[PDB]
Novice: 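I have a structure here, written as structure tokens, and I will follow up with some questions on it.
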Amino acid sequence: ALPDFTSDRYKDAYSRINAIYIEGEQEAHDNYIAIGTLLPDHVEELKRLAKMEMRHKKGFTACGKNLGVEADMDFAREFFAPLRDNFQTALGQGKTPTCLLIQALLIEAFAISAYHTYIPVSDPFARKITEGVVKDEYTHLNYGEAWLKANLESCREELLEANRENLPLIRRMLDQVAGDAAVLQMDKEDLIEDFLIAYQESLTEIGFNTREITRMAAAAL
Ligand SMILES: CCCCCC(=O)O
Ligand SMILES: [Fe+3]
Ligand SMILES: [Fe+3]
């Protein structure tokens, strides 16, 4: 059954999960702009992507206002700190393939999983907003997949390294959100399945074979 969106129990968990949505959209915006410093000829497309992320952020901000819940932004910022630190490191070293794997692949897949899972248990206001959002993040996966597919032969090793370092962070993120997510009536196994399916499909599209992908997914352990 649907959660009681008015309960103190729900609002408490929501303050953190919703803050994660909001912060995630903000960092996605920042990341796409940042990638523009690495792909100067991609700037106008990246600006469109980043603007979409700000629309997403505004929508989740609105979802919070609607339930009367103050977002715990401090919690969210710490939650994203490991991937954010790794993204910045890559950015400073000009490592475009690592930046794309972290943002366009890992974070977008995490988003699509969270949002797909949240929809059937969301309040009616948030549901319409979130239904809009999910259609968009496939556009973002497509963007990352396209560039990486086009450049695979020069960046294969970097990508294996990027996955090795960053996929475990996604696993720890899922472990950390699981409790609050369950209060929101979201099953951890659904979140994991949806995430892994999205990621595997991106890797397939990029040109990795089944063995390579199996070895990659394994690094989560
Ligand atoms: C769960 C928050 C992640 C959203 C990141 C994005 O919109 O690309
Ligand atoms: Fe988004
Ligand atoms: Fe996105």
Side-chain angles (χ1 to χ4, degrees), residues 13-36 42 45-64 71-84 86-88 91 99-119 121-122 126-148 166-167 169-182 184 186 188 190-199 201-202:
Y14 199 83
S15 63
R16 291 177 300 273
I17 297 300
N18 196 51
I20 286 166
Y21 296 168
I22 294 167
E23 179 65 17
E25 303 299 341
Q26 179 68 55
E27 294 187 18
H29 164 274
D30 299 340
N31 292 341
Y32 287 124
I33 295 306
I35 291 173
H42 277 234
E45 180 172 24
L46 288 161
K47 279 166 57 179
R48 278 179 70 251
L49 295 179
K51 286 190 178 61
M52 305 178 45
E53 302 293 19
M54 290 305 305
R55 296 196 304 271
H56 294 168
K57 189 198 172 174
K58 286 187 182 167
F60 289 122
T61 294
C63 286
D72 185 346
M73 296 304 299
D74 285 342
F75 178 83
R77 276 185 287 261
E78 277 304 277
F79 175 85
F80 279 105
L83 282 175
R84 188 174 69 245
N86 279 359
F87 184 94
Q88 298 311 308
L91 176 60
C99 287
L100 287 170
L101 184 132
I102 294 169
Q103 173 60 47
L105 298 198
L106 290 181
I107 285 168
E108 300 289 349
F110 178 79
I112 305 199
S113 170
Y115 297 148
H116 269 322
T117 304
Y118 171 53
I119 285 159
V121 290
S122 58
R127 179 167 318 200
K128 281 178 190 188
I129 293 270
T130 304
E131 283 172 340
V133 170
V134 279
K135 300 178 298 185
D136 288 333
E137 322 275 25
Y138 283 111
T139 300
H140 301 181
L141 283 167
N142 292 342
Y143 171 76
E145 291 165 4
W147 190 92
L148 292 169
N166 290 283
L167 183 59
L169 304 190
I170 295 291
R171 184 251 186 95
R172 300 199 197 105
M173 289 162 67
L174 288 156
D175 289 343
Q176 292 166 321
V177 292
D180 287 331
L184 268 61
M186 299 160 73
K188 192 185 176 175
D190 289 333
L191 293 170
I192 291 159
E193 174 190 306
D194 271 22
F195 166 80
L196 281 173
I197 291 288
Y199 190 43
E201 290 177 345
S202 292

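All residue numbers refer to positions in the sequence shown, counting from 1. Because only heavy atoms are used, hydrogens play no part in the values below, and waters and symmetry mates are left out as well, while side chains stay in. As the structure lists them, so they are numbered: ligands from 1, and atoms in each ligand from 1.
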Novice: Can you name the nearest heavy-atom pair linking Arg127 to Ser122, along with the distance?
Specialist: NH2-O, 2.7 Å
Novice: Taking the Fe ion (ligand 3) as the reference point, name the nearest N/O/S atom of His140.
Specialist: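 In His140, the heteroatom (N, O or S) nearest the Fe ion (ligand 3) is ND1.
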Novice: In terms of atom number and element, which parts of ligand 1 are under 4.0 angstrom from non-hydrogen atoms of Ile107?
Specialist: 5 (C)
Novice: Aromatic rings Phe60 and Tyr21: how do their planes relate, parallel, tilted or perpendicular, breaks at 30° and 60°?
Specialist: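 Tilted, since the angle between the ring planes falls between 30° and 60°.
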Novice: If you look at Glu137, which of its N/O/S atoms is nearest to the Fe ion (ligand 2)?
Specialist: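 Of all N, O or S atoms in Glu137, the Fe ion (ligand 2) lies closest to OE2.
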Novice: Show the atoms of ligand 1 that are less than 4.0 angstrom away from any heavy atom in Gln103.
Specialist: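 With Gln103 as reference, the close atoms of ligand 1 come out as 8 (O).
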Novice: Tell me, with the steps shown, if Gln26 and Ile22 meet side-chain contact (heavy atoms from CB on, under 4.5 Å).
Specialist: CA-CA 6 Å; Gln26 179 68 55; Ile22 294 167; 5.7 Å; no
Novice: If you count the atoms of ligand 1 from 1 in the order shown, which ones are under 4.0 Å from a heavy atom of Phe110?
Specialist: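 With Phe110 as reference, the close atoms of ligand 1 come out as 1 (C).
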Novice: Could you check atom 3 (C) of ligand 1 against the protein and tell me its nearest heavy-atom contact, residue, atom and distance included?
Specialist: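 So the nearest neighbour among protein heavy atoms is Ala111 CB, 3.6 Å.
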Novice: Could you see which bit of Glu53 sits under 4.0 Å from ligand 1, with heavy atoms only: side chain, backbone, both or neither?
Specialist: side chain
Novice: Look only at the side chain of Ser113 and the backbone of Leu191, and say whether a donor-acceptor pair between them is shorter than 3.5 Å.
Specialist: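 Pair found, side chain donor or acceptor close to backbone of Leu191.
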Novice: Give yes if a backbone or side-chain nitrogen or oxygen of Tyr21 is under 3.5 Å from a nitrogen or oxygen of ligand 1, and no if not.
Specialist: no
Novice: Run the numbers for me: atoms of ligand 1, each under 4.0 Å from some heavy atom of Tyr115, listed by number.
Specialist: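 Result: 2 (C).
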Novice: Looking at side-chain heavy atoms only, is the closest gap between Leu148 and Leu105 below 4.5 Å?
Specialist: yes
Novice: Within a distance under 4.0 Å of any heavy atom of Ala28, pick out the atoms of ligand 1 and give their elements.
Specialist: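 With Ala28 as reference, the close atoms of ligand 1 come out as 6 (C), 8 (O).
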Novice: Atom CZ of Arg84 and atom CG of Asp30: how far apart are they, to the nearest 0.5 Å?
Specialist: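 These two atoms lie 10.0 Å from each other.
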Novice: Restricting to N, O or S, what is the name of the atom of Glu53 that lies nearest the Fe ion (ligand 2)?
Specialist: OE1
Novice: Please say which of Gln103, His42, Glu45 ends up in a side chain to side chain donor-acceptor pair (under 3.5 Å) with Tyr143.
Specialist: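 For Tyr143, the side chain to side chain donor-acceptor pair (under 3.5 Å) check succeeds only for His42.
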Novice: From the N, O or S atoms in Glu25, identify the one nearest to the Fe ion (ligand 2).
Specialist: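 Relative to the Fe ion (ligand 2), the closest nitrogen, oxygen or sulfur of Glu25 carries the name OE1.
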Novice: Tell me which protein heavy atom sits closest to atom 7 (O) of ligand 1, plus the residue, atom name and distance to 0.1 Å.
Specialist: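 Looking only at protein heavy atoms, the one closest to atom 7 (O) of ligand 1 is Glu25 OE1, 2.8 Å.
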Novice: What's the atom name of the N, O or S in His56 nearest to the Fe ion (ligand 2)?
Specialist: ND1
Novice: Heavy-atom contact under 4.0 Å between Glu137 and ligand 1?
Specialist: yes
Novice: Determine whether a donor-acceptor pair (N or O, by modelled atom type, separation under 3.5 Å) exists between the side chain of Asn31 and the backbone of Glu27.
Specialist: yes
Novice: Is the closest N or O pair between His56 and ligand 1 shorter than 3.5 Å?
Specialist: no
Novice: Look at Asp175 together with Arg172 and state whether they make a salt bridge at an N to O cut-off of under 4.0 Å.
Specialist: no
Novice: Given the side-chain rings of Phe80 and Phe87, with only the six-membered ring counted for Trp, is the space between their centroids under 6.0 Å?
Specialist: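 No, too far apart.
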